[PDB]
Amino acid sequence: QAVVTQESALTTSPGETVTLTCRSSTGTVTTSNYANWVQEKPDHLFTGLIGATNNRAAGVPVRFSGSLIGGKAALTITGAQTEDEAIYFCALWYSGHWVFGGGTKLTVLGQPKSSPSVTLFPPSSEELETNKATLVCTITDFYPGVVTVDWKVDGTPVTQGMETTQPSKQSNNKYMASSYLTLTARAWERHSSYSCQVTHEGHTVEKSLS
Amino acid sequence: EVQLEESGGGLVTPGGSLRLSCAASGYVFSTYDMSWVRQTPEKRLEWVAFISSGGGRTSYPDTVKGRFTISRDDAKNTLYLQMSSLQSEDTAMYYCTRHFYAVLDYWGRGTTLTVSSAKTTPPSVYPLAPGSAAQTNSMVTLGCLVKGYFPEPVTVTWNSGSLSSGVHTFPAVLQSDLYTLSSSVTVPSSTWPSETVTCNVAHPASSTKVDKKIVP
Ligand SMILES: CO[C@H]1O[C@H](C)[C@@H](NC(=O)[C@H](O)CCO)[C@H](O)[C@@H]1O[C@H]1O[C@H](C)[C@@H](NC(=O)[C@H](O)CCO)[C@H](O)[C@@H]1OC
């Protein structure tokens with residue numbers, strides 16, 4: 001029992017229509033799963049958009065809609081607005097329980113796109129004294145708010161000891177992210193090239209150090 | 001009309017207990033069916049308990065099954081969640097939702113819960129200095145690595161308020177029991193290092209404050 005998948009990211013412009021579905025590992029999505037659509041707006045605030053597959057909640061606007069699509073729940077937003085940029089989750093009623101999908105990021109283009117400005121940093125004299133080194137890859141200023149971060153030590157792809165923060169909404173409705181690759185100071189002393197590369201929009205920017 | 005205010009969360013340690021509370025408003029709290037939903041650090045949403053109308057029926061998912069107990073006091077207009085035998089996976093924001101004829105529509109503000117076994121531990125602050133003189137141009141961006149604190153939060157201020165000038169601080173990360181975080185600042189290239197860029201880092205649990213001056 002239980003898997004509910006949803007698109008991970010969709011991007012649309014203001015005025016356009018977007019559909020978002022909700023798939024089940026169970027097989028088909030009935031009306032006896034009450035497809036529900038929660039909205040997660042800037043800062044942990046949640047709102048019932050649509051419940052029981054097609055009932056739109058009071059206050060929710062005209063464009064939110066519920067449908068069943070090829071055995072799959074779907075949310076339509078017709079003529080989406082800037083305010084709709086947010087995370088949409090779906091819940092499906094499995095007789096007793098509720099099963100939630102991983103919710104989709106929804107960008108609606110409210111301002112001209114822009115790319116990151118990576119700034120890469122080397123472990124300070126001070127942290128090295130504790131026989132541990134950390135490099136900080138700081139990624140700011142991007143819209144849309146999705147990134148892909150890859151680290152390389154001496155050209156080989158790093159497959160661990162790296163962990164990145166989920167984008168976070170700047171003051172200017174621009175996003176920010178940080179990545180950390182941590183090494184024992186030994187390793188630091190050893191390799192000689194560290195690359196931080198961020199892929200945002202087909203374009204990859206890259207910062208390196210020796 | 002509706003308000004759902006939950007509360008009763010804090011810092012507990014593994015094996016602990018905890019009763020969460022959620023209070024209704026401007027609605028006839030009895031009639032409606034009801035749930036608890038948790039929002040994890042990973043940011044997935046997971047459901048914890050289900051209560052019916054006359055508290056006749058209770059549903060839970062198998063990872064809470066037997067450790068959590070749901071209930072309500074119609075007299076007081078509240079939902080109760082009773083978390084027992086705590087385990088680190090339960091650290092998450094806990095929310096309450098009313099089923100409006102199967103439309104989960106009104107949700108609480110939420111109540112954060114942390115189940116760590118850590119100990120108040122102040123951070124270590126390290127300078128994040130440019131490195132080779134490779135001047136991109138007008139702008140130079142410095143930062144600070146605040147490492148090994150518990151619990152959160154940590155405020156991070158640049159040049160004792162004086163520098164608001166585009167600061168950016170990031171969601172902390174949890175590296176094997178302690179939190180780490182970064183704050184960065186861009187100050188024009190001809191201001192540093194001629195002028196001074198210190199970084200203030202205060203840790204209220206431990207009532208700490210560290211002053212790392214960033215030098216090339
Ligand atoms: C079955 O029809 C609704 O109620 C029955 C009892 C549900 N069956 C079970 O509860 C249970 O799984 C039996 C086997 O374990 C159905 O699942 C179904 O539930 C949805 O429909 C109603 C509208 C919801 N109740 C409410 O929405 C409101 O608070 C109305 C006030 O009475 C219910 O929680 C389900 O979806 C939200």
# chains A, B, ... in the order shown; residues from 1 in each chain; ligands from 1

call {"tool": "residues_near_ligand", "arguments": {"ligand": "ligand 1", "cutoff": "7 Å", "atoms": "only C-alpha atoms and all ligand atoms", "output": "PyMOL selection string"}}
result
(chain A and resi 34+93+95-96) or (chain B and resi 31-34+53+98-104)

call {"tool": "residues_around", "arguments": {"residues": "region 172-189 of chain A", "least_positions_apart": "3", "cutoff": "9 Å", "atoms": "only C-alpha atoms", "output": "MDAnalysis selection string"}}
result
(chainID A and resid 111 114 116 123 127:147 149 151 158 160:169 192 196) or (chainID B and resid 168:171 181:182)

call {"tool": "closest_residue", "arguments": {"among": "B:188, B:161, B:9, B:130", "to": "residue 81 (chain B)", "atoms": "only C-alpha atoms"}}
result
B:9

call {"tool": "interface_residues", "arguments": {"of": "chain A", "to": "chain B", "cutoff": "6 Å", "atoms": "only C-alpha atoms", "output": "ChimeraX atom specification"}}
result
/A:47-48,51-52,96,102

call {"tool": "atom_distance", "arguments": {"atom1": "CA of residue 114 (chain B)", "atom2": "CA of residue 41 (chain B)"}}
result
10.4 Å

call {"tool": "select_by_dssp", "arguments": {"residues": "region 43-201 of chain A", "states": "alpha helix (DSSP H)", "output": "ChimeraX atom specification"}}
result
/A:125-128,185-190

call {"tool": "residues_around", "arguments": {"residues": "residue 4 (chain A)", "least_positions_apart": "3", "cutoff": "6 Å", "atoms": "only C-alpha atoms", "output": "list in words"}}
result
residues 23, 24 and 101 of chain A

call {"tool": "closest_residue", "arguments": {"among": "B:208, B:7, B:120, B:198", "to": "residue 157 (chain B)", "atoms": "only C-alpha atoms"}}
result
B:198

call {"tool": "residues_around", "arguments": {"residues": "region 12-23 of chain B", "least_positions_apart": "2", "cutoff": "6 Å", "atoms": "only C-alpha atoms", "output": "list in words"}}
result
residues 4, 5, 6, 7, 8, 77, 78, 79, 80, 81, 82, 83, 84, 85, 86, 87, 115, 116 and 117 of chain B

call {"tool": "select_by_dssp", "arguments": {"residues": "region 26-188 of chain B", "states": "strand (DSSP E or B)", "output": "VMD selection string"}}
result
chain B and resid 33 to 39 45 to 51 58 to 59 68 to 73 78 to 83 92 to 99 104 to 107 111 to 115 121 124 to 128 139 to 150 155 to 158 167 to 169 173 to 175 178 to 188

call {"tool": "atom_distance", "arguments": {"atom1": "CA of residue 71 (chain B)", "atom2": "CA of residue 30 (chain A)"}}
result
29.5 Å

call {"tool": "atom_distance", "arguments": {"atom1": "CA of residue 92 (chain A)", "atom2": "CA of residue 3 (chain A)"}}
result
9.9 Å
